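Everything on this sheet refers to the single structure shown next.
Counting starts at 1 for both ligands and their atoms, in listed order. For the numbers below, each heavy atom of this structure counts, side chains included, while hydrogens, waters and symmetry mates do not. Nothing fancy with the numbering, it's 1 onward along the sequence.
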Amino acid sequence: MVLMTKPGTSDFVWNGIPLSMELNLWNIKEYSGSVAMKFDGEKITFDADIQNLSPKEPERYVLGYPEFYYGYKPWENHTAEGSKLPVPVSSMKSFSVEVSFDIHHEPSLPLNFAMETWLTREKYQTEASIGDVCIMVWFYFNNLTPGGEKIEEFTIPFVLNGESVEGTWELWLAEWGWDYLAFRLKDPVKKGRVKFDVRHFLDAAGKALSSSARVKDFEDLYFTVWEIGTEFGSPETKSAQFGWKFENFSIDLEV
Ligand SMILES: OC[C@H]1O[C@@H](O[C@H]2[C@H](O)[C@@H](O)[C@@H](O)O[C@@H]2CO)[C@H](O)[C@@H](O)[C@@H]1O
Ligand SMILES: OC[C@H]1O[C@@H](O[C@H]2[C@H](O)[C@@H](O)[C@H](O)O[C@@H]2CO)[C@H](O)[C@@H](O)[C@@H]1O
C-alpha cells in the first residue's frame, strides 16, 4: 500500500502498469487541514478536508490537481520506469484508456474530473512553452469552465458503463505560454466507468490547430504522458472538502 498525507509523488504498479501518483496541490500557497491519497493494489483514493486556502498565483485560477499518471510529466521531470511514453504523436495508432471513478464534493467547490496530456517539441522537456500543446478531456465538472473560449464541438464515441455512446464534446482553446485545448463532455458523469481512444481527441486537436502559427508540426510532437485526476478550486476558494476513488484501470497503447 502507498499512503501519502502531504504533497508529493510516489511510483506504483497497478496490474502490471507502472504509474505515478501525485498528491498535487501545485497552486496552493498555504492550507490547513487534511489530505490523504492511497493506493491498495485495487484502487486509488483521495480525500481532502482543507481550510485557510490561498493560491500561489490567482492568474492560474485552479488550486490543485490530485492525480495519477502513465508516462513522463514534464513539469516534474518524472516518469516511473517501464513506461512506453513518450512517443511521437505520429506513431500512435491507438491509445485506449479505461477507468471507473466516483467523485464526491461539497456543492460549491469548483472541480472537474479531467485527463490530460502534454505534447512537446522535445522528448523530455521540463516545461511547456510556445510550440507545445496541452490537451485535456473533461468527463465531469462542477462550478468550473475550461480556460479560454469555446470554439467548436466534436462528436466522439466512448464506452460508458459498458455501452458504446456518442458524446458531444466542447472544445475550448486558450493561447497562453503554450496552447491549451480542453474537450469538455456536455453530459457530465460524476460516477461510472469510461473507456475511450485518445487518438480521437488527438485527431480533433490536430484539425482544430491546422491553421496555427504557434504549433508547427502537431504530429511530430511527443505525446509524453496520460494524467487522470481532479482539478479543483478558484481564486476565491477558501476551503475544500472532496474526494474520489478510481478503480478498474487499464490501457492499451498501440504504436
Ligand atoms: O503550470 C505548471 C503546473 O501545471 C499543472 O498542470 C495544470 C496546467 O498548467 C493547466 O493549464 C491545466 O492543464 O491544468 C493542469 C492541472 O491543474 C501541473 O499539474 C503542475 O505540476 C505544474 O506545476
Ligand atoms: O491553470 C489554468 C486553468 O484555467 C481554468 O479556467 C479558468 C481560466 O484560467 C480563467 O481565465 C477563466 O476566467 O475562468 C476559468 C475557470 O472557469 C481551467 O478550468 C483549468 O483547466 C486550467 O488549469
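Of all the heavy atoms of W172, none lies under 4.0 Å from any atom of ligand 2, so neither backbone nor side chain is involved.
At a 4.0 Å cut-off, at least one heavy atom of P146 sits close enough to ligand 2 to count as contact. Using 4.0 Å as the threshold, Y65 has no heavy atom nearer than that to any atom of ligand 2.
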Which atom pairs, one a donor and one an acceptor, fall under 3.5 Å between side chains of residues 13-22 and the rest of the protein, sequence neighbours left out?
unit_1, atom_1, unit_2, atom_2, d
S20, OG, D11, OD1, 2.8
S20, OG, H78, NE2, 3.3
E22, OE1, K73, NZ, 2.8

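One finds a salt bridge joining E170 and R184 here, because a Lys/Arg side-chain nitrogen approaches an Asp/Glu carboxylate oxygen to under 4.0 Å.
Environment of CD in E57: crowded, with over 12 heavy atoms of neighbouring residues, nucleotides or ligands closer than 6.0 Å. Surrounding NZ of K238 are more than 12 heavy atoms belonging to other residues, nucleotides or ligands, all under 6.0 Å away. The 12-atom threshold is not exceeded at NZ of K29, counting heavy atoms of other residues, nucleotides or ligands nearer than 6.0 Å.
Nearest heavy-atom pair, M4 versus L23, reported as atom, atom and distance to 0.1 Å: O-CD1, 3.6 Å. Between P188 and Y140, the closest heavy-atom pair is CB-CA, 3.8 Å. Contact detail for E227 and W118: the closest heavy-atom pair is OE2-NE1, 2.9 Å.
Distances between N or O atoms of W176 and those of ligand 2 include no value under 3.5 Å. Residue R60 places at least one N or O, backbone or side chain, under 3.5 Å from an N or O of ligand 2. Between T145 and ligand 2, a contact under 3.5 Å exists for at least one N or O pair. Residue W138 places no N or O, backbone or side chain, under 3.5 Å from any N or O of ligand 2.
Near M136, meaning under 4.0 Å from one of its heavy atoms, ligand 2 places the atoms 21 (O). Close approach of ligand 2 to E231 (heavy-atom distance below 4.0 Å) involves ligand atoms 20 (C), 21 (O), 22 (C), 23 (O).
Atom 8 (C) of ligand 2 has its closest protein heavy atom at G147 CA, 3.9 Å. Atom 7 (C) of ligand 2 has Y61 CG, 3.6 Å as its closest protein atom, hydrogens excluded (heavy atom only).
Remark: atom 13 (O) of ligand 2 lies closer than 4.0 Å to no protein heavy atom. For atom 1 (O) of ligand 2, the nearest protein heavy atom lies closer than 4.0 Å.
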Could you check ligand 1 for N or O atoms lying under 3.5 Å from protein N or O atoms and list the pairs with distances?
unit_1, atom_1, unit_2, atom_2, d
ligand 1, 1 (O), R60, NH1, 2.9
ligand 1, 1 (O), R60, NH2, 3.4
ligand 1, 9 (O), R60, NH2, 2.8
ligand 1, 13 (O), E116, OE1, 2.7
ligand 1, 14 (O), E231, OE2, 2.8
ligand 1, 17 (O), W26, NE1, 2.9
ligand 1, 17 (O), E231, OE2, 2.8
ligand 1, 19 (O), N24, ND2, 3.0
ligand 1, 19 (O), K73, NZ, 3.1
ligand 1, 21 (O), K73, NZ, 3.0

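At a cut-off of 3.5 Å, with distance as the only test, no side-chain donor of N27 or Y61 sits close to an acceptor on the other residue.
At a threshold of 4.5 Å between non-hydrogen side-chain atoms, the residues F201 and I156 count as touching.
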Notebook entry, point to check: Between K207 and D203, does a salt bridge (charged side-chain N to carboxylate O under 4.0 Å, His left out) hold up when you go through it step by step?
Noted result: CA-CA 6 Å; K207 291 189 178 291; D203 288 352; over 6 Å; no
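A side-chain hydrogen bond (donor to acceptor under 3.5 Å, both in side chains) with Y72 holds for exactly one of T224, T79, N77; it is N77.
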